[PDB]
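Taking it in order: structure first as structure tokens, then the write-up.
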Amino acid sequence: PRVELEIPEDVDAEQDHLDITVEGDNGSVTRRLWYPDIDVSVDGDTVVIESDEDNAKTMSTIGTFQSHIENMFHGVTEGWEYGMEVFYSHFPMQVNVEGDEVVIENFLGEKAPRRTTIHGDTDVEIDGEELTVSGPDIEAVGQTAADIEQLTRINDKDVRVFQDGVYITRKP
Amino acid sequence: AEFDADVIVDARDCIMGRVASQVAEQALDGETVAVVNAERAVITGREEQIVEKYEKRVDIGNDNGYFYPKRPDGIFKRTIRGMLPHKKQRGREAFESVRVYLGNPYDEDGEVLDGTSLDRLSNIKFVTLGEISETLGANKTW
Amino acid sequence: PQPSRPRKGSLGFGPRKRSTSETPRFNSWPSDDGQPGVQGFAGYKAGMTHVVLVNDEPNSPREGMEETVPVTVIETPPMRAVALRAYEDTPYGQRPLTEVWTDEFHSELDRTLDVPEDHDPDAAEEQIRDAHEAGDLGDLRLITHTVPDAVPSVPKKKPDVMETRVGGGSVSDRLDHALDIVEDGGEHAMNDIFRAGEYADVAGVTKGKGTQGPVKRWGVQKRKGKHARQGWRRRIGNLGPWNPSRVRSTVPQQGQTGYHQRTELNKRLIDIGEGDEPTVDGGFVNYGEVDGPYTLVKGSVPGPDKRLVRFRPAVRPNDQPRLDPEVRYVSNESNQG
Amino acid sequence: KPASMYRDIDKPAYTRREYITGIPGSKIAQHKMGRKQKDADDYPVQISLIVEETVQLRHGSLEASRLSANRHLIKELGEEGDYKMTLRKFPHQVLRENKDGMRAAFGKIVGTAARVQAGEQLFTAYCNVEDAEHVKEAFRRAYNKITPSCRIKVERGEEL
Amino acid sequence: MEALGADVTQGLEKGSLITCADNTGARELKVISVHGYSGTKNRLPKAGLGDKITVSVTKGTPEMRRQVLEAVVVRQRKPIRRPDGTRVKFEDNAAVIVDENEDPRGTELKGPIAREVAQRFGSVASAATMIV
RNA sequence: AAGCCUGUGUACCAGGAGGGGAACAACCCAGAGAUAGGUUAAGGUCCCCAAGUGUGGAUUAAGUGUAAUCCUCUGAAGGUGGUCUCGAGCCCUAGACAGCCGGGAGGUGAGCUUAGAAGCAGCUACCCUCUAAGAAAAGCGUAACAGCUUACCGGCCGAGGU
RNA sequence: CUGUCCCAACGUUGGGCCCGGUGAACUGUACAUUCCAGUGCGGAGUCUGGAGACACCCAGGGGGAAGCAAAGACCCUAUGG
RNA sequence: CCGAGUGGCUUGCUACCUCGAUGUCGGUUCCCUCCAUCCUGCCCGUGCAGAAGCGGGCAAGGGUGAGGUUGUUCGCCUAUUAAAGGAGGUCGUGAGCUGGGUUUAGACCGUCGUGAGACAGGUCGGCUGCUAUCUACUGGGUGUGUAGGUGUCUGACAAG
RNA sequence: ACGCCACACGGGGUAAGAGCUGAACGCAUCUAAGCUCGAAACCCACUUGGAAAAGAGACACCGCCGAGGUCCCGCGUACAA
Ligand SMILES: CC[C@H]1OC(=O)[C@H](C)[C@@H](O[C@H]2C[C@@](C)(OC)[C@@H](O)[C@H](C)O2)[C@H](C)[C@@H](O[C@@H]2O[C@H](C)C[C@H](N(C)C)[C@H]2O)[C@](C)(O)C[C@@H](C)CN(C)[C@H](C)[C@@H](O)[C@]1(C)O
Ligand SMILES: [Cl-]
Ligand SMILES: [Cl-]
Ligand SMILES: [Cl-]
Ligand SMILES: [Cl-]
Ligand SMILES: [Cl-]
Ligand SMILES: [Cl-]
Ligand SMILES: [Cl-]
Ligand SMILES: [K+]
Ligand SMILES: [Mg+2]
Ligand SMILES: [Mg+2]
Ligand SMILES: [Mg+2]
Ligand SMILES: [Mg+2]
Ligand SMILES: [Mg+2]
Ligand SMILES: [Mg+2]
Ligand SMILES: [Mg+2]
Ligand SMILES: [Mg+2]
Ligand SMILES: [Mg+2]
Ligand SMILES: [Mg+2]
Ligand SMILES: [Mg+2]
Ligand SMILES: [Mg+2]
Ligand SMILES: [Mg+2]
Ligand SMILES: [Mg+2]
Ligand SMILES: [Mg+2]
Ligand SMILES: [Mg+2]
Ligand SMILES: [Mg+2]
Ligand SMILES: [Mg+2]
Ligand code: NA
Ligand code: NA
Ligand code: NA
Ligand code: NA
Ligand code: NA
Ligand code: NA
Ligand code: NA
Ligand code: NA
Ligand code: NA
Ligand code: NA
Ligand code: NA
Ligand code: NA
Ligand code: NA
Ligand code: NA
Ligand code: NA
Ligand code: NA
Ligand code: NA
Ligand code: NA
Ligand SMILES: [Sr+2]
Ligand SMILES: [Sr+2]
Ligand SMILES: [Sr+2]
Ligand SMILES: [Sr+2]
Ligand SMILES: [Sr+2]
Ligand SMILES: [Sr+2]
Ligand SMILES: [Sr+2]
Ligand SMILES: [Sr+2]
Ligand SMILES: [Sr+2]
Ligand SMILES: [Sr+2]
Ligand SMILES: [Sr+2]
Ligand SMILES: [Sr+2]
Ligand SMILES: [Sr+2]
Ligand SMILES: [Sr+2]
Ligand SMILES: [Sr+2]
Ligand SMILES: [Sr+2]
Ligand SMILES: [Sr+2]
Ligand SMILES: [Sr+2]
Ligand SMILES: [Sr+2]
Ligand SMILES: [Sr+2]
Ligand SMILES: [Sr+2]
Ligand SMILES: [Sr+2]
Ligand SMILES: [Sr+2]
Ligand SMILES: [Sr+2]
């Protein structure tokens, strides 16, 4: 099979070997698209994903590569953003960005600061009880958002009563 | 330290077992063989089960001993030994006229033996000898 | 149902054989951080005493109070880095590339080595720098030796030679740092490397006890009660089960005990001085009188009096350093009595 | 006692009651279920449970499977739902157990079983197109209580 | 437990008979167990100055005899080492009966107590006539 | 149940070599004077190891498997949108399947029961208007309302879907 | 009451170890540097597959040689005592 | 309930191996192992507020102890404990120990027998050989190989 | 020894598990390719042995008519020979 993705005018995509790079006004993203017998190439104004095989496993990856590339198109132009709300009940939670990692202090009254490093060129902006994670690589951004929510995970006690933590409010 | 090899084989991206099989045959026919870029030789399959097999070989042993190599260096050398009657005169002579190297210490580039090369564009389930050695705990000296 | 019980002795210090070199050989070095510097030193064990110290630990309820502490006195005269050996990184690990020697040699270094009469320091140095350009230079170390002659209590004059790694800033800088030391005469002291209050790892060849049985050597029980009168007193029950039909090397058996190399971790240096402040009245038993450069190590040190011991900056410290501890008293009371 | 002991047909047929005494009663409560006053022809759908391997099924298993199947039909169609089910096999084969070692080993009588050849109908139910999926569910529960793997086959019925 | 501020060589074992240094009515106490202790094969469980032990009353008033109670070791003959190096030893082995909250069951303590025990059990110490 | 016990017919071991089966009384080839050349049998042809890294085609991703027979080689009932292949029925460019947007309206909060019950406690009935649709309501939700959606209709999309 | 034990230590005498002299016995189908598995009359240093293995010598405690020692004293059998 | 299995710890069955002998039970001492996990680590569910639990998953690194009766294994009981898990190694281990039980020769009691005497009943007493040839391992030497010496190292592997 | 001293942290990769991106199947989906995490367990770290590693190693200096070694002698930080 073969699928043709016309690259946006705002964007220009180059590719060597199994690596594809996508650059736009919002940045650039490089990925590796390696799977048996699937050739990904840049044919002038379009990206081509093709293979001589058409079995379920091959069709699966082809459809997967497409979305990965379309997501890259969207990332280098409009960008990707996740919104988060920091909710707490008894202990005022302090969420700050320090260096290349977001730190959370006084979670549930804990003396030790919980933290996590930010993935890639992802940007985390905090304004009160609202957080916004954004960047060109949906992979990196999506993880950073998730990691922040995971950062306040609690297994010891009943989550229904202890609901403190930062949650994903808006998904792109 | 210098090895007058009548043949220099490049294992890069080549199926270890298939190369070994041919290198054994040649050493038994009087050829002095040198396998190069061992760290880049490859073996097909699911990495997790492959590693389990080689890890088991490391754990096995006792006082008598079962010394199994961890470096891609010896893994390949041992693979070859298993295809030679190394305890017989003729067999030990052949095995001893075969050496494996990390990278290529020669000026010539090795040759690729027919039917031993693997196509990375058609295969995703395979592993590198070097990757196995790192997993085994070897000190990446290559 | 036969209660559980840990085995007798550790399986990590074997085989329990006589050591090859009476001079200890570190098998690991500190990490490269601060400025370049020799990562070790050596001295000769003299004996023990105790010192009264002011509790240093900031987390101790006794902080600031008098505290008695055991101390092993080690004579640490100046040593001499006589050469700079360079290692190159190869597919088979590290290998010595070349060495840069000097001209100034101790009058009796020829009791152990065939001292150099003709050498080319720059030729060697050049080969090293070319290697560094190529990016094949492995760590850098100094050939070092002691001056037993400076220690009256030790009968030997024949110097003990060991190699000590040099760690530091950039390789270029520590390389230069090394060459400087050597060129001079190599003469350096405990001061140059250690400061009282830091933690050092001490290595040494333990006291020898010749052949000893399983009880003493491995810590197995003696026969008990009625069993102790039947003809067996200090022999283990059996050498193993019916199967496997062989004796495993893990069963505690007789053999050489002592005179093994040991590396004791995190030994606190209580004080580095010089003179005779630590000497005991009557003299250290089986040793003599201390009156020169010395070091006070907290606690015990492997080896008998007179043996060579090696110091190294702790490679795995647990506590932060509390420099120059206040020593309010050093006992000089006779050790005979 | 495990069925492994009696599931195979590795012994002569042993059914002659004129030469066998003290045979335990059957645990099978009924062979005709549902509305036994009605005919099988009065139904559009007819589904049978077919045994895929030749075997012996102890009366204890027949009852357990017959039970778990009809018990489901009751729960889903009511104690009088419009359906009828039949267990067509009867446990004729008498079973022994040797419970002195191998001396005079001929076993004492301990039970009865039915011999079923592969491809035979053990159970056959008749229902309306609506209750077709309910009878299929009763059989699924039934074949989980007899030794062999089975096929739930729809004989009279094509509303698919 | 809270550090003692002194090194101890346990001088007692399971089964040892010791003095009950109080006015509870129990004169002799038999050591049965050591709170928080876990030994090793063949090792007779040991207790020393400062430990909380379970005990049975061997000698004393009828009401007290045969009772299984908790207690605190206050004195022992085997030496203990203090921070300044000096060793400290007593004339006998003694313990004081205690309740769930570690308060002495009796009203008065007989004989001297070790200062180290005071650190651990304050209410016990604040009943001591002498503290050495 | 047994490498169990006890029959029966037969071939074999015993008393049967040699070839094969890793080894191995009775499994396969094979019944054998000596010596010599040749061709096969069982079995095998990537190396160890004589002969193929043989050809056309397909499947498998688990190292499944590379294990005729067997005390010896396990693998079961039950389950599987892992994947490949074949058949039947129905829907679909008069636009299907799914997703997204929009609409989801009135008589009337049906009657009854009830202080109240207004799709949704229970009982009965389950009717007709506007219209391109829209139940006397399929599932949550409320003290009861509210609220959120399923059915149902319209658009966007565009090719197979079930 | 105590080293029976916790829990072992040091010491004493005679051996043990090295040297001169004296100088046996048990045991021996052969071969034999083995180890892990397998196989086999079902409990192999010797068969099969691998692994390991440079030779000789000293001291040791006894895991294996289904170790050495005695034609099983249990059990059954004998037209035995 | 019924149905399907895995293990080879119990018991039973069989009679293949040894009757010109493969030393018993229990205990002890010393070594290795298995996981069907008692504790410890990391997790999932809860009839999960918390605390304390109950159930389940990965997981064998380490730990799993001291005592009273009994020859006991097993088991009962006590106080401690994070917990005081189970099993294999000729039911590991007598050319290592012990010798309390079973099971010689002495004796008593009960039951049986005309009796000698018997008991899958109880009870008191009642023996533990050998100088290691080979192999195995723990430690110590002498030689040869690598191919003049001194000193310093490297690290394939190996152990925890 | 009954006395005294010392015996990590941290990295890397995983299991169960928590997730991200994501298709087969326009949706959904932690999984099919890819990825972020995550056990006292695995690897590294750390300690001990280790030129007989038969690819039997490296470096520096001394020496081949003399470097060095053995015997001898006085002794032990060593030791049954
Ligand atoms: C103290 C010295 C004596 O030594 C003994 O008494 C031993 C402890 C004795 O042992 C004693 C003591 C004891 C407890 O066994 C250790 C007992 O069961 C036997 C019967 O007698 C041995 C082990 C017996 O040999 C054993 O004979 C058993 C019947 C079978 C067993 N093996 C094969 C299972 C076997 O080793 C044996 C039958 O005596 C061996 C026979 C070859 C030679 N004897 C006759 C000699 C002359 C001995 O008398 C002796 C050397 O003078
Ligand atoms: Cl090994
Ligand atoms: Cl061979
Ligand atoms: Cl692949
Ligand atoms: Cl003992
Ligand atoms: Cl206790
Ligand atoms: Cl014939
Ligand atoms: Cl494999
Ligand atoms: K016998
Ligand atoms: Mg809780
Ligand atoms: Mg003294
Ligand atoms: Mg004094
Ligand atoms: Mg005990
Ligand atoms: Mg015959
Ligand atoms: Mg060939
Ligand atoms: Mg397989
Ligand atoms: Mg006989
Ligand atoms: Mg008899
Ligand atoms: Mg024997
Ligand atoms: Mg498990
Ligand atoms: Mg273990
Ligand atoms: Mg046994
Ligand atoms: Mg034995
Ligand atoms: Mg014996
Ligand atoms: Mg003996
Ligand atoms: Mg008795
Ligand atoms: Mg008796
Ligand atoms: Na492979
Ligand atoms: Na190994
Ligand atoms: Na004796
Ligand atoms: Na034995
Ligand atoms: Na009978
Ligand atoms: Na014949
Ligand atoms: Na054969
Ligand atoms: Na396989
Ligand atoms: Na004594
Ligand atoms: Na032996
Ligand atoms: Na079974
Ligand atoms: Na025993
Ligand atoms: Na464990
Ligand atoms: Na008991
Ligand atoms: Na045995
Ligand atoms: Na015994
Ligand atoms: Na004995
Ligand atoms: Na980790
Ligand atoms: Sr070939
Ligand atoms: Sr050294
Ligand atoms: Sr080392
Ligand atoms: Sr004895
Ligand atoms: Sr054996
Ligand atoms: Sr039969
Ligand atoms: Sr079934
Ligand atoms: Sr081929
Ligand atoms: Sr083909
Ligand atoms: Sr068998
Ligand atoms: Sr089979
Ligand atoms: Sr199945
Ligand atoms: Sr001996
Ligand atoms: Sr497991
Ligand atoms: Sr747990
Ligand atoms: Sr038993
Ligand atoms: Sr009992
Ligand atoms: Sr045991
Ligand atoms: Sr006895
Ligand atoms: Sr009895
Ligand atoms: Sr009796
Ligand atoms: Sr030779
Ligand atoms: Sr996962
Ligand atoms: Sr060498």
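Chain labels run A, B, ... following the order of the structure tokens; each chain numbers its residues from 1, and ligands are numbered from 1 in the order shown.
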
Interface list for chain I, partner chain A, 12 Å threshold, only C-alpha atoms (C1' of nucleotides), as a PyMOL selection string: chain I and resi 17-26+31-37

Mind the document's chain letters and residue numbers, and return as a list in words the residues of region 13-127 of chain D that DSSP labels alpha helix (DSSP H).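 Answer for region 13-127 of chain D restricted to alpha helix (DSSP H) is residues 59, 60, 61, 62, 63, 64, 65, 66, 67, 68, 69, 70, 71, 72, 73, 74, 75, 76 and 77 of chain D.
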
In Å, how far is it from CA of residue 131 (chain B) to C1' of residue 43 (chain I)?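 Pair CA of residue 131 (chain B) / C1' of residue 43 (chain I) returns 12.7 Å.
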
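Residues of protein, DNA or RNA lying at most 12 Å from ligand 25, when only C-alpha atoms (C1' of nucleotides) and all ligand atoms are considered, are residues 231 and 232 of chain C; 62, 67 and 68 of chain G; 94, 95, 96, 128, 129, 130, 131 and 132 of chain H.
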
Take the selection from the previous step and output its residues with C-alpha atoms (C1' of nucleotides), as a PDB file, in the first residue's frame.
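For reference, selection11.pdb as written:
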```
ATOM      1  CA  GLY C 231      37.254 -37.891  69.606  1.00  0.00           C
ATOM      2  CA  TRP C 232      36.158 -34.853  67.578  1.00  0.00           C
TER       3      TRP C 232
ATOM      4  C1'   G G  62      36.948 -37.614  55.080  1.00  0.00           C
ATOM      5  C1'   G G  67      35.044 -47.182  49.845  1.00  0.00           C
ATOM      6  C1'   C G  68      37.581 -51.614  52.962  1.00  0.00           C
TER       7        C G  68
ATOM      8  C1'   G H  94      27.163 -43.036  61.391  1.00  0.00           C
ATOM      9  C1'   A H  95      35.218 -44.545  56.423  1.00  0.00           C
ATOM     10  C1'   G H  96      31.258 -37.056  61.117  1.00  0.00           C
ATOM     11  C1'   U H 128      29.147 -48.441  67.116  1.00  0.00           C
ATOM     12  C1'   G H 129      35.615 -51.658  63.375  1.00  0.00           C
ATOM     13  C1'   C H 130      39.387 -49.661  59.342  1.00  0.00           C
ATOM     14  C1'   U H 131      46.961 -46.536  59.165  1.00  0.00           C
ATOM     15  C1'   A H 132      42.939 -43.043  52.385  1.00  0.00           C
TER      16        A H 132
END
```

Kindly compile the residues surrounding ligand 32 within 12 Å, counting only C-alpha atoms (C1' of nucleotides) and all ligand atoms, and format them as a count of residues only. 6

Got a sec to check which residues lie within 8 Å of ligand 19, using only C-alpha atoms (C1' of nucleotides) and all ligand atoms, and send them as a list in words?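 Residues satisfying the distance criterion: residues 66 and 67 of chain G; 22 and 23 of chain H.
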
Residues within 10 Å of residue 40 (chain H), only C-alpha atoms (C1' of nucleotides), excluding chain neighbours under 3 positions, as a ChimeraX atom specification: /H:62-63,82-83 /I:40

Could the residues in this selection be saved with N, CA, C and O atoms (P, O5', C5', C4', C3', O3' and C1' of nucleotides) as a PDB file, in the first residue's frame?
```pdb
ATOM      1  P     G H  62      20.584 -15.160  49.370  1.00  0.00           P
ATOM      2  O5'   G H  62      20.282 -14.322  50.690  1.00  0.00           O
ATOM      3  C5'   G H  62      21.292 -13.482  51.283  1.00  0.00           C
ATOM      4  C4'   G H  62      20.714 -12.698  52.439  1.00  0.00           C
ATOM      5  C3'   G H  62      20.040 -13.523  53.522  1.00  0.00           C
ATOM      6  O3'   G H  62      20.956 -14.098  54.438  1.00  0.00           O
ATOM      7  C1'   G H  62      18.609 -11.764  52.924  1.00  0.00           C
ATOM      8  P     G H  63      20.586 -15.488  55.153  1.00  0.00           P
ATOM      9  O5'   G H  63      19.397 -15.126  56.156  1.00  0.00           O
ATOM     10  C5'   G H  63      19.595 -14.187  57.232  1.00  0.00           C
ATOM     11  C4'   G H  63      18.273 -13.788  57.834  1.00  0.00           C
ATOM     12  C3'   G H  63      17.463 -14.891  58.486  1.00  0.00           C
ATOM     13  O3'   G H  63      17.922 -15.148  59.808  1.00  0.00           O
ATOM     14  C1'   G H  63      16.047 -13.599  57.112  1.00  0.00           C
ATOM     15  P     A H  82      10.293  -6.894  65.878  1.00  0.00           P
ATOM     16  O5'   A H  82       9.509  -7.346  64.571  1.00  0.00           O
ATOM     17  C5'   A H  82       8.573  -6.477  63.911  1.00  0.00           C
ATOM     18  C4'   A H  82       8.281  -7.003  62.521  1.00  0.00           C
ATOM     19  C3'   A H  82       7.964  -8.490  62.473  1.00  0.00           C
ATOM     20  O3'   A H  82       6.573  -8.686  62.679  1.00  0.00           O
ATOM     21  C1'   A H  82       9.590  -7.963  60.830  1.00  0.00           C
ATOM     22  P     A H  83       6.059  -9.814  63.701  1.00  0.00           P
ATOM     23  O5'   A H  83       6.339 -11.177  62.924  1.00  0.00           O
ATOM     24  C5'   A H  83       5.545 -11.545  61.776  1.00  0.00           C
ATOM     25  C4'   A H  83       6.242 -12.620  60.981  1.00  0.00           C
ATOM     26  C3'   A H  83       6.642 -13.864  61.756  1.00  0.00           C
ATOM     27  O3'   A H  83       5.544 -14.764  61.863  1.00  0.00           O
ATOM     28  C1'   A H  83       8.444 -13.155  60.398  1.00  0.00           C
TER      29        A H  83
ATOM     30  P     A I  40      14.932  -1.925  45.165  1.00  0.00           P
ATOM     31  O5'   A I  40      15.818  -2.767  46.182  1.00  0.00           O
ATOM     32  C5'   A I  40      16.108  -4.153  45.949  1.00  0.00           C
ATOM     33  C4'   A I  40      16.415  -4.831  47.259  1.00  0.00           C
ATOM     34  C3'   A I  40      16.927  -6.256  47.164  1.00  0.00           C
ATOM     35  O3'   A I  40      18.332  -6.267  46.910  1.00  0.00           O
ATOM     36  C1'   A I  40      15.328  -6.070  48.906  1.00  0.00           C
TER      37        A I  40
END
```

Quick one: everything within 8 Å of region 65-80 of chain H, counting only C-alpha atoms (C1' of nucleotides), minus sequence neighbours fewer than 6 positions away in the same chain. Send it as a list in words. residues 3 of chain C; 32, 33, 34, 35, 36, 37, 38, 39, 40, 41, 42, 43, 44, 45 and 54 of chain E; 26, 100 and 101 of chain H
